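Chemist: Mind looking over this structure? Questions follow.
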Amino acid sequence: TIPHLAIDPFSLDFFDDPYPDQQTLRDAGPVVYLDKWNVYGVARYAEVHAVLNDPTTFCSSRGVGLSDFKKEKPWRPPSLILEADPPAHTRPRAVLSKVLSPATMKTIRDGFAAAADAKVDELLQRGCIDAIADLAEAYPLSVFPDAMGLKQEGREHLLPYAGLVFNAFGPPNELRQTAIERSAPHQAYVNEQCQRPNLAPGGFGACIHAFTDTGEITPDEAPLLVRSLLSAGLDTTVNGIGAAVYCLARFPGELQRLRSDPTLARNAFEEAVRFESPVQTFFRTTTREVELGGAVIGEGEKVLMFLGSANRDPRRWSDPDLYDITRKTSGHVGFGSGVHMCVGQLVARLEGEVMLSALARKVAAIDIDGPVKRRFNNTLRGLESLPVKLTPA
Ligand code: HEM
Ligand SMILES: CCc1ccc(C(=O)O)cc1
Ligand SMILES: [Cl-]
């Protein structure tokens, strides 16, 4: 029989220090009942990974946040890709995949590295820098909206927009409800840049709109796939990169390790995604009666998956609380797993690698010199400010 926990994985307290709670979450039982929100949760690597790889049983089309789309109105029209099941998923999925293939990365790869090299140089010129706003936020801001082919004007909405989207997967918090109350300007901006007339020749939005021509997607579909990349494509990478730098900061020996061997960049990043897990949690909904870690769970029940917890399960990882940039990271669920696994992963790693590469060649120490402020959001873990003094090589 399934234990009750009073933990609220969406309270400021939990965000501020999740690690003791996530350990109660695991130790309690393979499946737990969260009184705060009347839902089942699963925090161990094994359970999380299983749920992820049975989309037939654990569907996403009833929402991947708490809210059940069968029971209640989605807060916005649903994603053609996040909030759908195969087969409706498979087409929109395949398209975004071509858009963001390794072929594509090869073409934009030099540009991303050069821009990464430029930021780290400028930063070394100043010394004291905010690792979040001046790097984590600034770098993908200098590469991604361009890769998208966004205009200049409006971009200040891209981050609040992400925040809104990720806050909304959560329970009906103060966090959620406020985000929603404040959402109109952010949606109008995104709705606008979602249109073909507004996407520069040769960028993702443009490349996406091309699938209109051949018919792989309709014109209603097209603005909505773009919408996908404008929700998911930015703040994720802000927090990913954010994690990496914070890790390097807290783990100076691991920085020295990376400097010794700069080819360890890609994986020092991947490790950071495991170790922080910028995207913390997602739900599914049972499509049938299913036995899940010994419990028989009824049809149409929501299950909360602790991604971060999975990624830090002692049952799966030696010394999981450690930053180890030569860890065999393969199998972490930082970008999820299976049919829905992050279609954007190549862009993220692209950014995380070039930037960690630039750092490994350019910086000799990263020390935090200041107050460190966390940002609170229902789905995203990350920092709001991280003051560091960069010392040059
Ligand atoms: C720090 C980098 C990133 C992280 C940690 C991350 C996280 C995730 C996770 C955990 C999923 C699985 C969702 C699920 O199982 O329901 C996912 C899927 C997705 N990601 Fe990412 N992501 C990142 C970067 C990106 C980027 C750069 C893009 C756009 C270029 C993107 C676009 C998407 C989209 C559209 C999906 C839904 C795919 C599907 O359901 O088939 N992500 N991401
Ligand atoms: C990375 C999480 C995420 C993935 C896809 C969407 C979307 O399709 O709007 C929104 C969020
Ligand atoms: Cl929207």
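Just remember, in the structure tokens the first chain shown is A, the second B, etc., residues are 1-based per chain, and ligands are 1-based in the order shown.
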I'd like a table as a tab-separated table: residues in segment 168-223 of chain A with an atom no more than 12 Å from segment 293-310 of chain A, each row giving the shortest atom pair and its distance in Å to one decimal, only C-alpha atoms counted, sorted by chain and rising residue number.
Modeler:
```
residue	atom	partner	partner_atom	distance
A:169	CA	A:304	CA	10.9
A:170	CA	A:304	CA	10.3
A:171	CA	A:304	CA	11.1
```
Chemist: Output the neighbourhood of ligand 1 as a PyMOL selection string, that is, all protein and nucleic acid residues with some atom at most 8 Å from the ligand, counting only C-alpha atoms and all ligand atoms.
Modeler: chain A and resi 52+60+64+81-84+89+93+96+100+225+228-241+273+277-284+307+333-349
Chemist: If you run DSSP over the backbone, which residues in segment 88-286 of chain A end up strand (DSSP E)? Put them as a ChimeraX atom specification.
Modeler: /A:128-130,281-286
Chemist: Around ligand 3, at most 10 Å away and counting only C-alpha atoms and all ligand atoms, which residues are there? Put them as a PDB file with C-alpha atoms, in the first residue's frame, please.
Modeler:
```
ATOM      1  CA  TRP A  75      -4.873  27.083 -20.688  1.00  0.00           C
ATOM      2  CA  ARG A  76      -3.779  27.492 -24.349  1.00  0.00           C
ATOM      3  CA  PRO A  77      -4.342  25.399 -27.518  1.00  0.00           C
ATOM      4  CA  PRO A  78      -2.298  22.241 -26.962  1.00  0.00           C
ATOM      5  CA  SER A  79       1.046  21.548 -28.450  1.00  0.00           C
ATOM      6  CA  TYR A 161       7.023  33.597 -22.232  1.00  0.00           C
ATOM      7  CA  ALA A 162       9.062  30.510 -21.378  1.00  0.00           C
ATOM      8  CA  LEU A 164       4.741  31.342 -18.295  1.00  0.00           C
ATOM      9  CA  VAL A 165       4.669  28.076 -20.219  1.00  0.00           C
ATOM     10  CA  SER A 183       0.052  36.452 -19.952  1.00  0.00           C
ATOM     11  CA  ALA A 184      -1.751  38.421 -22.686  1.00  0.00           C
ATOM     12  CA  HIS A 186       3.495  37.540 -24.010  1.00  0.00           C
ATOM     13  CA  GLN A 187       1.081  35.476 -26.126  1.00  0.00           C
ATOM     14  CA  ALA A 188       0.322  38.319 -28.618  1.00  0.00           C
ATOM     15  CA  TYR A 189       4.035  38.748 -29.210  1.00  0.00           C
ATOM     16  CA  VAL A 190       4.581  35.034 -29.710  1.00  0.00           C
ATOM     17  CA  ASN A 191       1.469  34.623 -31.836  1.00  0.00           C
ATOM     18  CA  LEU A 224       2.046  26.148 -33.872  1.00  0.00           C
ATOM     19  CA  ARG A 227       5.196  28.211 -31.109  1.00  0.00           C
ATOM     20  CA  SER A 228       6.715  24.988 -29.866  1.00  0.00           C
ATOM     21  CA  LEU A 230       9.494  29.549 -28.829  1.00  0.00           C
ATOM     22  CA  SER A 231       8.288  27.895 -25.628  1.00  0.00           C
TER      23      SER A 231
END
```
Chemist: Name all residues at most 9 Å from residue 374 of chain A (count only C-alpha atoms; drop same-chain ones fewer than 4 positions away) and give them as a ChimeraX atom specification.
Modeler: /A:15-16,381-386
Chemist: Please dump the current selection as a PDB file, in the first residue's frame; keep C-alpha atoms.
Modeler:
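Saved the output as selection-v5.pdb:
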```pdb
ATOM      1  CA  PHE A  15      12.611  24.728  -4.804  1.00  0.00           C
ATOM      2  CA  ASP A  16      15.020  26.343  -2.371  1.00  0.00           C
ATOM      3  CA  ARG A 381      15.245  24.774 -11.841  1.00  0.00           C
ATOM      4  CA  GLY A 382      17.753  27.589 -12.252  1.00  0.00           C
ATOM      5  CA  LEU A 383      19.433  30.723 -10.996  1.00  0.00           C
ATOM      6  CA  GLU A 384      18.155  34.313 -11.320  1.00  0.00           C
ATOM      7  CA  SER A 385      21.550  35.732 -10.601  1.00  0.00           C
ATOM      8  CA  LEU A 386      25.008  34.141 -10.142  1.00  0.00           C
TER       9      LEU A 386
END
```
